[PDB]
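Listed in order, the protein sequences are those of chains B and A.
Counted the way the entry's author numbering counts, the first sequence spans residues 13 to 268, 276 to 421.
Counted the way the entry's author numbering counts, the second sequence spans residues 13 to 268, 276 to 421.
Okay, structure first, notes after.
2 protein chains.
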Amino acid sequence: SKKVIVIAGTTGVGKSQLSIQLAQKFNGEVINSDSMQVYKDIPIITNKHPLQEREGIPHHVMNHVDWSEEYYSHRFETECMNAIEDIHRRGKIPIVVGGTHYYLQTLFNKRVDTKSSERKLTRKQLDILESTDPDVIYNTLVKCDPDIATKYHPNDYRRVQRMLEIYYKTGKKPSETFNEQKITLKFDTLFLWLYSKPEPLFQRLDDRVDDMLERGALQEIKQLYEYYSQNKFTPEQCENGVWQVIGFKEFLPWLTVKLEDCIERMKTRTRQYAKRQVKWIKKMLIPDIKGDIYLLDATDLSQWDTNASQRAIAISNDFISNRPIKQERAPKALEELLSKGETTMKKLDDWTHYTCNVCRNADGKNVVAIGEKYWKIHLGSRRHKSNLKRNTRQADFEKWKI
Amino acid sequence: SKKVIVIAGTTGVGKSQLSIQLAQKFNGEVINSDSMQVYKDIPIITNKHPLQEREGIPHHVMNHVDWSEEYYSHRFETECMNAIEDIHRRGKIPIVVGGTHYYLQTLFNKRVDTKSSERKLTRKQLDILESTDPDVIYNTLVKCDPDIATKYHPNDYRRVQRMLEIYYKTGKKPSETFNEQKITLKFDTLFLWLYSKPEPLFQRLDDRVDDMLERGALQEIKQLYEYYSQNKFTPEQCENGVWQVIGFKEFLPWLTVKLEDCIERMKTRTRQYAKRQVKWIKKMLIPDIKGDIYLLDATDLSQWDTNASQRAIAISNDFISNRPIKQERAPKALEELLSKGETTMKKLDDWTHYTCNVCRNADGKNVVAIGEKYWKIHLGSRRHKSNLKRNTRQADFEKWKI
RNA sequence: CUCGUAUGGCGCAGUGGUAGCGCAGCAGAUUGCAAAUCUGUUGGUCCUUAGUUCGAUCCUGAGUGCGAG
RNA sequence: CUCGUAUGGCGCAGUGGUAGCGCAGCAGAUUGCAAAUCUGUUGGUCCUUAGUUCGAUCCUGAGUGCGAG
Ligand SMILES: [Mg+2]
Ligand SMILES: [Mg+2]
Ligand SMILES: [Mg+2]
Ligand SMILES: [Mg+2]
Ligand SMILES: [Mg+2]
Ligand SMILES: [Mg+2]
Ligand SMILES: [Mg+2]
Ligand SMILES: [Mg+2]
Ligand SMILES: [Mg+2]
Ligand SMILES: [Mg+2]
Ligand SMILES: [Zn+2]
Ligand SMILES: [Zn+2]
């Protein structure tokens, strides 16, 4: 049936570079899945693949959103889906590339459609959702469908809110909605994971930040600051739209010697991003696709043509030819990356909550752990210990008085 | 979503035995997938799991077909499908068990519906399908849609015929029909493969044949012979319905000291069956389900409870709990069975035909190899060699004639 | 003692010029027969020995094994 | 050869009773913000040393190291 190739991996691994090679070799068009590359201009910091390096290969769902808009999952689901259909009905093979692996969920119905589910929210309902209270909306969720509230921490406002929002608009318990999800892969998809040891990568990711400024990043930064300014925007705005990009918010303090710091801070955010990306691919993506993925070692660039190019072409060739892949699925070196221990084994299965009646956070609320394993990690934490001691001593001082 | 557990494996591995344990533990009902256990009575030779060993667990699509009927794929697809639906709408989890792994294809749309595709075959069309000629129906296929004819040998009458039959009833090239198949798994299925080293198994399969007669197999054999008789049936009938079962046709010659031979011949057929079953599971089933299967070592029965019972329960438990399986998927010992080299690597990919203009079979037709690899195997065969020599020597007597 | 046979794991051909078939075995196939079906392929040097002959697995002699007498 | 100053990976506080803050780091989460966000958490017992006091990072005196005319 209609095939679809997807390329995943961390930043600066050659995803775009590969995507092009395959596109040419197999007659296809690229579809960006990077949540930040969907915005207008600002190519240097948003690291868009230059045109004179696309061999004319068509690109979709990329650079079209106005800095005034707020892109998101569904916006991608509809857009990415159209590109697929369109590319397919033209005898071409789609190729989705990006670092926002979260969006990839659309490729296998891992979402909840609440748009076609019209329902005028009630004054009572809304007043709860948009409540100014800290942990009140959570209690509401625990009340209606506690089997979903237990899968979230009482502080995960963004998510706890979403869940309740669903319960309202759909009038159906979100927990149930999930148990009923089919979660089946859409289209005969081929997941290619381009990977590279963290050390070598981190180095490249750093240098690619240096000559990233040399190419005139500061110009795009000031530009972004001009728009940021003349708009009365506060730093807390850097949690929406383009304002989330890694390459702007980091230099905000340099916009009130020290610019050098904003650069380091940026190099760090990038580093962390790459790390969180692997974690997702290993604990979220792979487990979701039952492990039907193929690794490509791009650690030693001096090679690439062999480890990435050829291998990717080899697998893709058998793939498109509508045949069972004979390739090893993973080179000896990265073999353990697809192991159960490195993947589904790490996923949290115990959701029972625990509230330490002795420890409390800066927000005043008492610490609440999820899962017996971590509940204990906390009990043995110096935090809990140091606090359990001061508590005992205070309680003891009185014992002595008597 | 609606889960479905399936248990595959060779004969005498404990599939039924396991199916029951799971059924109880997880509240489910068994669905037989054995093409021979679907017939009436004849339990000893058809090895039906005894009732007083089913703990009252419901069984479906098993023992209901009259010896006068001819069960087949679709017949199973509809029947198996109903049981699933029915079991599901009752809060129960279906458990399909059997050795006819071929039928399992229904679990992931690996067939072609040609019943709802009514079309009065033409006198010209029919005269070709039911042609008395040896290799004429094949030529017709090569004419219309040669891309499918090349995937079959010109002697595979049963299949070449079906392909052409499809081309007619559907008026759509069968080759195309396949390239368009989605081949997606139906229901959240869990494939459990109960395996056992061939040697220990072969031993059990043999003794299993001895006390199989002691339980009164000959009584069922004579019974089958009574019906076989008084019906003017010839041995060539043993290619249809129950007549295919392993436990009857083998004793036909003993029905015109020598019975001992018919028993050996049976132990062999069973042995071969077990071998062909593994080959299917490794080269057909697994490759088709992308390798989403879990092995259970039942080689050392003294264990079972640990390697089979517990493990199966552990995996099934996480499965039914709608959670990503944390189990290893394969015990160190049988690890290599799920390797690419032992599976998709063996599947034939080269379909180019080759006709040895020198070698010919008993039917007169010239040998035709499929796949360069095997084309060569033939060229170096003693058959081809011995024949190429007599041919040269005879031609060398022509030069001497000048 | 009569007359017979002695070929790859087993059951069988064959020819005065250095051997095939079936079965098992191994392997590929499998989209209404699948416990069925199709297809490809590895094994011996024709029991030992002395001769006849240009040359013997096949012809004669003997030995040995086995077969019904 | 007289003054300063050294506390977890880095950067800096600090009470006489056996230690913090910021970063990193490590871990769990993710079904309309995901380059985001939520959550949990490992590292040192305070340069070494003589003592001063019931007691020591925090007091007194040496020595090590760096910086300072
Ligand atoms: Mg890119
Ligand atoms: Mg703009
Ligand atoms: Mg390169
Ligand atoms: Mg048992
Ligand atoms: Mg059974
Ligand atoms: Mg009957
Ligand atoms: Mg076999
Ligand atoms: Mg013999
Ligand atoms: Mg002579
Ligand atoms: Mg001291
Ligand atoms: Zn605590
Ligand atoms: Zn030949």
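C-beta: ideal position from N, C-alpha, C; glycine also.
Extent of the continuous beta strand (DSSP E) to which residue i belongs
i: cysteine 375/B; result: 372–379
i: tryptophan 205/A; result: 200–207
i: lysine 294/A; result: Segment 278–299 is the alpha helix (DSSP H) holding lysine 294/A; no beta strand (DSSP E) there.
i: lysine 132/B; result: From DSSP, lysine 132/B is part of no beta strand (DSSP E); its letter is neither H nor E.
i: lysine 15/A; result: 15–21
i: residue 269/A; result: Not modelled: residue 269/A, which lies between 268 and 276, the two residues flanking a gap in chain A.
Pick from the options that is closest to residue i, judged by C-alpha positions
i: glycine 183/B; options: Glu192/B, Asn191/B, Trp205/B, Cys156/B; result: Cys156/B
i: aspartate 319/A; options: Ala352/A, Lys365/A, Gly259/A; result: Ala352/A
i: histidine 76/B; options: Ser13/B, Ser45/B, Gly68/B, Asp382/B; result: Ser45/B
i: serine 405/A; options: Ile389/A, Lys384/A, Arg379/A; result: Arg379/A
i: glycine 228/B; options: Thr362/B, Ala388/B, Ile54/B; result: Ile54/B
i: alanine 327/A; options: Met224/A, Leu138/A, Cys250/A, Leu30/A; result: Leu30/A
i: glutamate 248/A; options: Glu89/A, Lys52/A, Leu264/A, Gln235/A; result: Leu264/A
i: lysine 302/B; options: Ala333/A, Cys281/A, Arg342/A; result: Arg342/A
i: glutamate 279/A; options: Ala317/A, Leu225/A, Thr289/A, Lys234/A; result: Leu225/A
i: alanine 35/A; options: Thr189/A, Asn336/A, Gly360/A, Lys136/A; result: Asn336/A
i: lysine 127/B; options: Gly360/B, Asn94/B, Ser85/B; result: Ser85/B
i: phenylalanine 38/A; options: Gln215/A, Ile300/A, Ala331/A, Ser321/A; result: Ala331/A
i: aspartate 125/B; options: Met175/B, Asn376/B, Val221/B, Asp145/B; result: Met175/B
i: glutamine 215/B; options: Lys234/B, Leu267/B, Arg290/B; result: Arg290/B
C-alpha distance - residue i paired with residue j, whole-angstrom precision
i: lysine 15/A; j: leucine 356/A; result: 26 Å
i: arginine 295/A; j: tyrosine 164/A; result: 19 Å
i: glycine 21/B; j: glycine 110/B; result: 8 Å
i: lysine 286/B; j: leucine 230/B; result: 15 Å
i: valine 276/A; j: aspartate 218/A; result: 19 Å
i: residue 272/A; j: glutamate 251/A; result: Since the numbering of chain A jumps from 268 to 276, residue 272/A cannot be located in this structure.
i: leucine 153/A; j: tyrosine 237/A; result: 40 Å
i: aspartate 368/B; j: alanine 388/B; result: 13 Å
i: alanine 161/A; j: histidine 372/A; result: 10 Å
i: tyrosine 51/A; j: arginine 102/B; result: 50 Å
i: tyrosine 313/A; j: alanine 349/A; result: 6 Å
i: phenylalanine 260/B; j: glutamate 65/B; result: 25 Å
i: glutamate 283/B; j: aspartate 168/B; result: 29 Å
i: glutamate 177/B; j: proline 158/B; result: 14 Å
i: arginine 402/A; j: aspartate 382/A; result: 16 Å
i: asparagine 243/B; j: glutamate 232/B; result: 17 Å
i: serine 143/A; j: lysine 136/A; result: 10 Å
i: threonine 189/A; j: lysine 122/A; result: 11 Å
i: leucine 63/A; j: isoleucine 32/A; result: 11 Å
i: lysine 408/A; j: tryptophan 394/A; result: 19 Å
i: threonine 196/A; j: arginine 131/A; result: 28 Å
i: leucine 304/A; j: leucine 398/A; result: 32 Å
Opening and closing residue of the alpha helix (DSSP H) in which residue i lies
i: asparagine 410/B; result: 401–420
i: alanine 349/B; result: Where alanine 349/B is concerned, there is no enclosing alpha helix (DSSP H), given that its DSSP letter is neither H nor E.
i: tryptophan 394/B; result: 391–398
i: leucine 315/B; result: From DSSP, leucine 315/B is part of no alpha helix (DSSP H) but of the beta strand (DSSP E) over 312–316.
i: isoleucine 54/B; result: No alpha helix (DSSP H) contains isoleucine 54/B, which DSSP labels as neither H nor E.
i: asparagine 336/B; result: 330–339
Supposed close pair residue i, residue j - CB separation, criterion 8 Å
i: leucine 206/A; j: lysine 27/A; result: 6 Å
i: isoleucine 140/A; j: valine 172/A; result: Their Cβ separation, rounded to whole angstroms, is 11 Å, which puts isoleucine 140/A and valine 172/A out of contact at 8 Å.
i: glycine 68/B; j: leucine 213/B; result: The Cβ separation is near 29 Å, so there is no contact.
i: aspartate 147/A; j: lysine 384/A; result: 7 Å
i: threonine 134/A; j: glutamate 89/A; result: Incorrect: roughly 28 Å between the Cβ atoms, too far for contact.
i: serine 129/A; j: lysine 194/A; result: Incorrect: roughly 18 Å between the Cβ atoms, too far for contact.
i: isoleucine 339/A; j: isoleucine 99/A; result: With 8 Å as the limit, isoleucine 339/A and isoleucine 99/A do not qualify as a contact, their Cβ atoms being about 14 Å apart.
i: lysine 309/A; j: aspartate 307/B; result: The pair is not a contact, with the Cβ atoms about 14 Å apart (cut-off 8 Å).
i: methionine 93/A; j: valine 254/A; result: Actually they are not in contact, since the Cβ atoms of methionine 93/A and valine 254/A sit about 23 Å apart, beyond 8 Å.
i: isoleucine 107/A; j: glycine 40/A; result: 5 Å
(message) As an exercise, report each continuous beta strand (DSSP E) stretch of at least 3 residues that is fully enclosed by the segment 215–265 of chain B, in chain order.
(response) none
(request) Output the residue ranges of the alpha helix (DSSP H) runs that lie fully inside the segment 140–193 of chain A and measure 4 residues or longer, sorted by chain position. (result) 149–155, 158–161, 169–182, 186–191
(request) Return the chain-ordered ranges of every alpha helix (DSSP H) run that is complete within the segment 68–123 of chain A and spans a minimum of 4 residues. (result) 85–100
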